Amino acid sequence: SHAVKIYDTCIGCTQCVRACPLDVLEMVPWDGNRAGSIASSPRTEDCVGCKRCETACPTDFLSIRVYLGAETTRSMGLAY
Amino acid sequence: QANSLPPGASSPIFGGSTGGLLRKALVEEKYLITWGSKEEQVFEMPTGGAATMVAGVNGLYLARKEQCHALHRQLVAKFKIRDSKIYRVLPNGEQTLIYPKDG
Amino acid sequence: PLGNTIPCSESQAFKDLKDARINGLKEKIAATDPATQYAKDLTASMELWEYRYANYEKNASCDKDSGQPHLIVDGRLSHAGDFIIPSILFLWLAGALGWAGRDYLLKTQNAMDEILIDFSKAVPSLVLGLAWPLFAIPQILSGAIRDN
Amino acid sequence: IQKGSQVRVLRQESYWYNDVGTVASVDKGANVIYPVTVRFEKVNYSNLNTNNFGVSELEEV
Amino acid sequence: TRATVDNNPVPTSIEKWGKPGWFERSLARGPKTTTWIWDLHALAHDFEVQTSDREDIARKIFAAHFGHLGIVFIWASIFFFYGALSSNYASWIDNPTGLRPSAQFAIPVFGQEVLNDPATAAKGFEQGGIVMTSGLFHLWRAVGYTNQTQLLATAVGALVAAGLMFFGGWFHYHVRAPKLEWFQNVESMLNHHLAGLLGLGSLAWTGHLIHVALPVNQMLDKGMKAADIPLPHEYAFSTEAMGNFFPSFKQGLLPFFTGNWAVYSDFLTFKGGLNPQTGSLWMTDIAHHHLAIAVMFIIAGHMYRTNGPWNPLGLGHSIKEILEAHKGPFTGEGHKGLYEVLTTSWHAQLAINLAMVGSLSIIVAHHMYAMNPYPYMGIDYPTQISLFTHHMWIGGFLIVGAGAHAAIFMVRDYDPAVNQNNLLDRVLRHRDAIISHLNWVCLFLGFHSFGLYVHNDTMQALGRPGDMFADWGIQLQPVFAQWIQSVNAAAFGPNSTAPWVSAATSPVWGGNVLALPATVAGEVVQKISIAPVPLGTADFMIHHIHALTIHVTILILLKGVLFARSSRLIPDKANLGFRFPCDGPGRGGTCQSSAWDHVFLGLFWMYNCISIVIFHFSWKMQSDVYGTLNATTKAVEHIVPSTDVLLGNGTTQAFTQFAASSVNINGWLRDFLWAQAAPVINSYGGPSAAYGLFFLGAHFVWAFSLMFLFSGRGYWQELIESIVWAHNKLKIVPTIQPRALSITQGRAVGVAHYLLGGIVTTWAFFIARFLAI
Amino acid sequence: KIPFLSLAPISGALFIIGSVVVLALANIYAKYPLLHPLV
Ligand code: CLA
Ligand code: CLA
Ligand code: CLA
Ligand code: CLA
Ligand SMILES: CC1=C(/C=C/C(C)=C/C=C/C(C)=C/C=C/C=C(C)/C=C/C=C(C)/C=C/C2=C(C)CCCC2(C)C)C(C)(C)CCC1
Ligand SMILES: CC1=C(/C=C/C(C)=C\C=C\C(C)=C\C=C\C=C(C)/C=C/C=C(C)/C=C/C2=C(C)CCCC2(C)C)C(C)(C)CCC1
Ligand SMILES: CC(C)=CCC/C(C)=C\CC/C(C)=C\CC/C(C)=C/CC1=C(C)C(=O)c2ccccc2C1=O
Ligand code: SF4
Ligand code: SF4
């Protein structure tokens, strides 16, 4: 499976959950921003690695990083 | 038979395509999207072609969860339907909810 | 007479291809009508070729064996027209264009002005590019900018 | 560091490391790690120019 | 009907000339990066991302069409000005066989006057010139051009017509412009393009042929000079001048109104193939041709129903009723929806039309070498190679564009609400079956043509010539194609299928070698224009290569069309668009998954296809058709000689060079590509040295593409980061930020330079070979 | 700024064509040199 990490630079813009084609991410309550929420990935077994979350993240360098790891049926995106 | 719907959900009218389920849906896993529509209307399949769904509860078996979540964003962006719930069906018949996991 | 190099005044093969070109031009004028614009062009080409072969004769172009002119670029003042005069001419015109473009970026700092060239800030930049060392060398001795 | 001040980014992984930016708004809460919003004249590869940095990552020029 | 037109939508102003990128939102904000610059060019004709109003979209399309017809009239005027001013056409009209046609000379500056060719030097043009390969001079001689002042008049008229199409574009955009339901009356546009555009066009050309072009060609073939009569052989007052040339029936047009059509059979004939005097089609057959297809096109424009103020008029068909009558049990609901698709989607219409005009340019390329249309053109071999090659390349380009806009329709204009159970929807329900069976037949064609070539390379290398797939070894004869040779040659005589044809369809089917007088310095008759073209084992093999390349280009473009919207990989591909680079490195990698990338890959595969087509053409025509009649006893000698193939026993057998050397790739390398490239590399210091310069520069552009093709932009961007550091160290700061090209643009730049370099390489090779011998 | 000629391809292309014509007439006026003559 692929490894998704969220750092402390997040602003809670809600653009990585919407642009994710798999619902890997969800917003949990946080205190480190003004939005009161931080992204999290407890669903990394379902991630394909498509990096649409990293495309739509508006910071300088990205608060979300997905690392390409071990490949499964689900993460190679196979319908067979 | 091997792709039986849950009770309460009716099948949409689709004429069958070649882009649908493969042997993985028999042996490893398949997926099921279940939504509620207020009328009968025409939606593009995520595996090619077009289908007509009826008023009430409609369920569709797909090979892949991104096929289901692409169908779900099509229903939101076209038909304003947001009560799609996505199940992972194992080959023994077990069904677990994987969207909305929050509720 | 350098290594695999003799000048034009005692090169046999230069004389051979010079005679070959002037003879080919001689029977190319000699077989045509002198009033059809072909013959006037070929006598203009003959006069041009006589002047260019005499120019290769007089200012010490250098050939050996193949008879064609080999250039010496090590910095001799006898062969100074090989490299040194076009070096200074290149540095003048390239520093003109580079300094004009740099001064244009320094005076505009704008995104419309790069895709729409304002000539009232472009042609004085070109005129001061034509005098670029006098305004470039004190900014070499001063220093530009601190970035890492 | 207040609104209108010119700052230099000290963050090593930034696009705008060693570049002057404009402070547009400073968050008055204390629970935010990076409160200071800085706009730039130059855009990044994502074609955006505004980001929230902290106080210690910025040097007043 | 009724032409509902609105008045003045757009004022005429210079307030958008100073604002480039006005036309969509992200470009309207201004330059920030250099990507904007390339995004200025790639979206400028995409009118659907400019405005969402389909009305205004159709208006921009219409004004674009008028401006295109303007630029084609400008180009027509430019070659008519060059024909009129700086040509040898005043002396080419007297010698079409010994004078090379030229319309352009290099001026004596920088040394380029060696490019002027001595064999174009004549009276009026004493400079030498660039030899043309376009066949413009042979066209002009066939249509009756005897003088350069009428070439001046046509040049002025084409410039006036370019101005008229520009004023039509400005009128039908800015001033008085039609609404969308005018464009959707497809019934009337079919009826007025068949009966009025094609029909009256070829009827007015039949009128030209009869009045001007048949008598001027009869004067030029009976043996007079350039002093002719343009005006006093015309019209009513010299009606008997029509009787002096080829007997104008009894008297006037009174045979036309009383219905005795048999007396008109001396300039409306149905004779047959090619004239042996001039090497081309008989002009009277060409006139009766254009008249019969003129009649049958005005008949074709009487098909579709149009209702209006005319009382009894309004009987016919609607296309929609025909499409909704063709249903079938295998194909569900058939063609219902295709009327709505083809009346609301421009890209589907452009896909159909690009497929048809590309296929038709390919048909034109075949039918113009085989049956020569213009006098003395088939002996001028660089014209023959260049017209076949040119129309084949333009055909392959428009077929790749057909696949492109079919995919673009599938991304943008596809509506599921129109396509319930029609042919278009059911093709999406078995797209895996189509693409996989196409994958299998491409694999089959590639093995069973190119592995035959590999097998021949291997057997000829191992010292086994009798083991070869060749005419001397294991024969693969084109027995259906040879039987169609025998049928289309044998169907001319009495008691045949067509009993009143004199000289058959074409001499390529199997009947007679035709030849023409020509000088060539101080020689004899020589110069075959056309010959029977025999099909052997090498023709089997090259045509199965051709089937392979057509089928793989089909596979790439049709997989782009059918998987434009969704796949098993990316189900939401239609939201990503026609033109996106990937959907990331995940799910294995989605590199080149967009339908644009399939157009990008099918461009190289079209290159492959058309390159092997014109290579087959060059050396088939050189090895079996083109050549010389010897002065001793009428012996046929081709441009490349016959090859004595050494057999396995020790003896030889004479084959032609096509039959002997394209069973394998070594003979394609040696006898076609090494041997015939001798005139493009030895052309320096002479009239073909530009073709050598273009050969080398095109090798350069082809190799320069491979940087863009094999690399990707993240390398280039961190390289430009180092270069931008060097720029900011010396106070040299672009406000427009220097970027690498986008991924899609790196593919586009690479395919553009690959296509340009390879085609201009083959162009330089083809012209420099065929000007020599 | 002036209409249509202030634009960067137009100003750029007229700069390249003007430099090629000035260089060309420099090659005509100097009778096409290879080197700079010293005597
Ligand atoms: C104002 C114009 C300008 C100036 C002063 C420079 C200066 C420099 N460049 Mg650069 N460059 C430019 C434009 C310019 N460049 C443009 C337009 C491009 C894109 C084609 C580049 C691409 C480029 C690369 C890849 C590199 C440099 C490098 C360098 C540095 C080393 C010298 C050199 O290699 O020349 C090279 C110059 C070129 C390759 C570009 C050709 C010259 C351009 C066309 C001039 C621009 C004309 C401009 C429009 C004039 C405006 C006039 C105004 C009055 C309107 C040097 C400081 C090198 C470096 O980093 O050295 C350490 C390096 O490798 N440049
Ligand atoms: C009737 C013909 C026709 C028409 C009207 C269109 C129209 C369109 N095409 Mg299309 N296409 C066609 C034929 C046609 N095409 C053919 C024959 C091919 C195969 C090559 C394609 C392949 C194609 C692709 C892959 C795409 C389009 C796209 C588009 C759309 C926008 C294009 C644009 O913005 O302009 C911009 C034009 C340029 C930036 C020019 C590019 C550089 C050219 C190719 C180099 C020219 C080299 C020159 C010929 C020779 C060298 C000279 C040089 C040395 C000076 C537009 C709707 C684009 C789109 O997004 O669709 C919605 C899209 O991506 N087309
Ligand atoms: C010369 C280089 C080359 C070769 C050999 C191929 C070969 C192939 N391409 Mg490719 N392609 C190329 C360049 C090449 N391509 C380039 C440059 C591009 C970039 C634009 C592409 C892009 C491309 C695309 C997009 C597609 C292909 C497809 C194909 C397959 C076509 C089907 C076929 O021909 O049947 C048969 C195979 C051959 C003719 C290859 C040679 C077979 C030899 C003769 C047999 C060897 C005998 C034996 C096995 C050897 C055993 C030895 C042992 C020690 C192993 C084929 C395998 C298409 C495909 O997959 O369709 C099925 C496909 O869609 N190509
Ligand atoms: C990725 C692609 C890319 C693209 C599209 C561009 C595009 C551009 N760059 Mg660039 N650049 C790039 C990458 C790129 N760059 C990279 C990688 C670098 C290295 C870091 C640079 C660094 C760079 C610099 C430093 C500069 C540019 C500039 C420019 C602009 C040039 C404007 C122009 O050519 O007209 C040229 C206009 C003229 C030459 C004006 C003269 C015309 C006269 C006034 C007309 C009268 C003359 C008359 C006709 C007589 C003729 C005779 C003659 C001899 C005088 C242009 C928009 C330049 C700019 O900003 O615009 C000025 C600039 O200075 N770039
Ligand atoms: C080359 C060219 C050109 C020229 C053109 C021209 C020269 C034109 C034309 C034209 C023409 C000159 C046309 C015409 C026509 C016609 C028509 C369209 C006709 C008709 C008809 C009719 C309709 C008839 C009818 C009838 C019948 C059938 C029956 C009996 C009676 C009658 C006789 C009535 C230019 C330079 C511009 C440009 C480029 C291209
Ligand atoms: C330094 C410099 C320079 C130089 C450069 C170089 C070194 C180069 C090169 C280059 C090369 C090395 C090459 C090339 C090439 C190209 C080509 C090759 C092209 C083209 C084009 C075109 C235009 C095309 C056309 C055509 C078509 C359209 C198709 C068909 C055929 C033909 C041909 C017709 C210059 C002078 C700028 C100036 C100064 C600076
Ligand atoms: C009047 C006139 C003509 C003016 C010219 C206008 C002026 C002044 C400059 C314009 C700069 C020019 C001419 C080119 C820049 C293009 C560029 C940054 C290429 C680097 C690059 C290479 C080499 C690849 O292989 C590649 C592969 C895959 C993806 C991306 C790339 C990529 O990005
Ligand atoms: S890589 Fe793709 S699937 Fe994974 S979290 Fe990011 S957007 Fe979602
Ligand atoms: S990780 Fe990026 S996209 Fe997601 S909430 Fe934070 S800033 Fe927004």
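Tabulated data
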item	result
Label-to-label distance, nm, for residues given as C:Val127 and D:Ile33 (7 Å Cα→Cβ offset)	5.8
Average partner coverage of A:47-60, which counts Cβ from other chains inside 10 Å	6
Rg and Dmax [Cα atoms of the stretch E:19-107; Å; Rg one decimal, Dmax integer]	22.2, 63
Backbone HN-Hα couplings from phi across the stretch C:110-126 [Karplus 6.51/-1.76/1.60, Hz, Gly and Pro as x]	8, 8, 5, 7, 6, 8, 10, 7, 7, 6, 6, 10, 8, 6, x, 5, 5
Spin-label model distance (nm) - F:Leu38 vs E:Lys16, 7 Å beyond Cα toward Cβ	6.3
Normalised contact order of chain E, rounded percent, pairs of Cα under 8 Å and 6 or more residues apart	12
Debye log10 I(q)/I(0) at q = 0.13, 0.16, 0.18, 0.20 Å⁻¹ for the stretch E:507-637, Cα point scatterers	-0.70, -0.86, -0.97, -1.08
Cα-Cα pairs of the stretch E:72-153 separated by more than 19 Å (percent)	32
Per-residue Cβ neighbour rank within 10 angstrom, fewest leading, E:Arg2, A:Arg18, E:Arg429	E:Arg2, A:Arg18, E:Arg429
Efficiency of FRET between C:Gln37 and F:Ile2 - r from beta-carbon atoms, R0 45 angstrom, step 0.05	0.65
Unit charges at the beta carbon, dipole of the protein assembly as shown: most positive-side option, C:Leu2, E:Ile352, E:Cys582	E:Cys582
Highest average packing first - E:87-93, E:629-635, C:16-22, Cβ atoms within 10 Å	E:87-93, C:16-22, E:629-635
Under Karplus coefficients 6.51, -1.76 and 1.60, residue-wise ³J(HN,Hα) of the stretch C:70-79 in Hz, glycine/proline x	9, 9, 10, 10, 7, x, 6, 7, 6, 9
Reach of E:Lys327 by Cα under 16 Å, taken over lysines that are not fewer than 8 positions away in the same chain	E:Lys336
Peptide C:99-111, shielding by other chains (average Cβ, 10 Å cutoff)	3
More than 19 Å apart - percent of Cα-Cα pairs taken over the stretch E:620-673	34
Expected 222 nm ellipticity per residue - DSSP helices of 4 or more, -39500 (n - 2.57), all of chain C, to 500	-21000 deg cm²/dmol
15 Å beta-carbon shell around C:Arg146, net charge (K/R +1, D/E -1)	0
Exposure proxy order (Cβ contacts within 10 Å, fewest to most) of E:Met621, E:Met189	E:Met189, E:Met621
For the stretch C:1-130, average projected area of the Cα convex hull in nm²	13.4
Distant-in-sequence amide H partners of C:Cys62 (H built 1.01 Å from N, under 5 Å)	C:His70
Helix axis angle, B:65-74 relative to chain B longest principal axis, alpha carbon, degrees	0
Under the span-like rule (Cα at least 27 Å along the axis, Kyte-Doolittle mean at least 1.6), DSSP H helices of chain E	E:689-710
Estimated FRET transfer efficiency when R0 is 30 angstrom, pair E:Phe256-E:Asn512 (beta carbons, to 0.05)	0.25
Relative contact order %, chain C, counting alpha carbon pairs below 8 Å whose residues are six or more apart	21
Exceeding the 29 Å Cα-Cα cut-off - candidates E:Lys179/F:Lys1; B:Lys80/E:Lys573; D:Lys28/E:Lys729	E:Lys179/F:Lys1; D:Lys28/E:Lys729
Projected-area mean, chain A, by convex hull of Cα positions, square nanometres	4.9
Value of Rg to Rh for the stretch E:418-562 (Rh from inverse mean 1/r over Cα pairs, i.e. Kirkwood)	1.15
Kirkwood Rh (inverse of mean 1/r, distinct Cα pairs), the stretch E:155-224, angstrom	15.7
Per-residue average of Cβ from other chains inside 10 Å of B:20-31	2
Mean shadow area of chain E, taken as a quarter of the surface of its Cα convex hull (nm²)	42.8
Cα-Cα P(r), the stretch E:270-415, percent of pairs per 10 Å interval	10, 21, 28, 23, 15, 3
log10 of Debye I(q)/I(0), alpha-carbon scatterers only, for the stretch E:287-343 at 0.15, 0.22, 0.26, 0.29 Å⁻¹	-0.67, -0.89, -0.98, -1.06
Packing-based exposure ordering (other Cβ within 10 Å, fewest first) of E:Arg739, E:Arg305	E:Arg305, E:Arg739
Using alpha carbons only: equivalent-ellipsoid semi-axes of chain D, gyration tensor based, whole Å	17, 12, 12
Entries of A:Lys51/B:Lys78; E:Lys32/E:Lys559; A:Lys5/B:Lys101 with Cα pairs more than 30 Å apart	E:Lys32/E:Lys559
Projected label distance in nm at E:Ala44 and E:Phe444, using a 7 Å step from Cα toward the beta-carbon	4.7
Under 22 Å from E:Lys250, Cα to Cα: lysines that are on another chain or at least 8 residues apart	E:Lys271
Dimensionless Rg ratio for the protein assembly as shown, taking C-alpha atoms and the 2.2 N^0.38 Å reference	1.13
Chain D, relative contact order [Cα under 8 Å, separation at least 6], %	35
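Laboratory data are not the source of any read-out in this text; all were calculated from the coordinates shown. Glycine gets a Cβ as well: all are built from the backbone with ideal geometry, and neighbour counts include every protein chain shown.
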